[PDB]
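Only one chain is given next, in structure tokens, and it is the form deposited in one PDB entry.
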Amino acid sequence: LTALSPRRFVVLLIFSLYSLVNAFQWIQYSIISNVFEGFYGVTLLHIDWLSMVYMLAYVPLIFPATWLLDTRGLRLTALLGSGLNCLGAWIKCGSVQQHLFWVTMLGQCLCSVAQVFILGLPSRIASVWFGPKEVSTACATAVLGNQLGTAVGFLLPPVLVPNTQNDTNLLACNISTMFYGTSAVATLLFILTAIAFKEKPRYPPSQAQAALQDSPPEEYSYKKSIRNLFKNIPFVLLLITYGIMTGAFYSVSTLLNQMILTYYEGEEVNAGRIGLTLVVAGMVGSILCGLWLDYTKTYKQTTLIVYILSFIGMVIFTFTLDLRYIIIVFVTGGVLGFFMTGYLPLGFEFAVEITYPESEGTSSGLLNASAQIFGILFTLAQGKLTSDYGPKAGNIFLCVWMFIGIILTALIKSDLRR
């Protein structure tokens, strides 16, 4: 007996909203990194580290948090992920002072831990709650909610927080408004998660869930599973390439303010709009995907083609930033984001092909962890290069790595249609 409950729309909508807020908090500091730099008196590296802690906390905690999900239920992860997102925001609201940077970092660290109970959820939530015809749509919608948070995270802080460095009191009030508004939204979604969210629906939605209801595996031995994936040579190459692509997105998003403000003085608002254009175009590319894989293509061919366009899009973006025309950055930022951030759904769906006899959660964790590891290295390396030799040197460093990614993408061997 399979039944669909109307609560699944509430569950998916509630999760996507606080996943949106969690991604909002990740990039809210980087987009106005030039503003937070003068408020706390710290260097850009410290403000840059407010974004890497999202990546740094994910790598070790992903597997213990994954073990928490399949052994204690999905609701507890939702309570912990949304609860820590709310708690981390409230610590930030009390950190609005010129000498309380570490309180902001402590609050951001809790939000970094909140991301661990968030990124793997969309695959689980769609399968547990939705029917076979809605699993793909629900999973994509939840994933796009995280991307929407970054797009909102790009747009709002430049508007909410003007760069009024001459007036410290006015700057603190605007920053407090952003954190209080984020705290209230996160707190409300935490309360809604407490009431509306349930461990399991009334009845299994599909035969696969009904089968999983009568035979829970338990003790999956994640250590054995990760070792097998590292022996799957196509997967390891795809693991490196996806980290290069997603790590490039994290590095560009984190350092977007510094590169843009180097040539475009006093254009923080435009920097946020460019960041929104970069992410929204990838959402368009993400939605337009599937039509990419026609009857004459495959996952391998689509993966390589998008990687080439992403590499070219970075080259055009890199070599047109110095032209001192903000309108050119908009069209090049959208073109770069259409393929670079539109590849992320394709990277995951490609991994479901290489590793069928292994759990999707373990591969999903490694793919995300690869993004975090490469994101940290790219943000550190590009941030250093941008500081001494300008944005072009840091951006060229990205083109070379994406050049490496194209070769590594070509050596991945697999054949199957949609």
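Here, rigid core means the biggest group of C-alpha atoms that superpose within 1.5 Å across both forms. Quick note: we count residues from 1 along the sequence shown, nothing fancier.
FYI, the form deposited in another entry isn't displayed, but the following is about it.
Trainee: Have a look at 191, 326, 76, 288 and give me the residue whose C-alpha moves 2 Å or more between the shown form and the other one, with the fit done on the rigid core.
Mentor: The one that shifts is 288.
Trainee: With both forms fitted on the core, check whether the Cα of residue 218 differs by 2 Å or more between the shown form and the other one.
Mentor: Where the cores coincide, residue 218 still shows a C-alpha shift between the shown form and the other one that is 2 Å or more.
Trainee: Residue 296 and residue 143: do their C-alpha atoms lie closer or farther in the other form than in the form you see, with a change of 3 Å or more?
Mentor: The answer is closer, because the C-alphas of residue 296 and residue 143 approach each other in the other form by 3 Å or more.
Trainee: A 3 angstroms or greater change in CA distance between residue 289 and residue 9 is reported in the other form. Closer or farther than in this form?
Mentor: Compared with the form shown here, the C-alpha atoms of residue 289 and residue 9 sit farther apart in the other form, by 3 Å or more.
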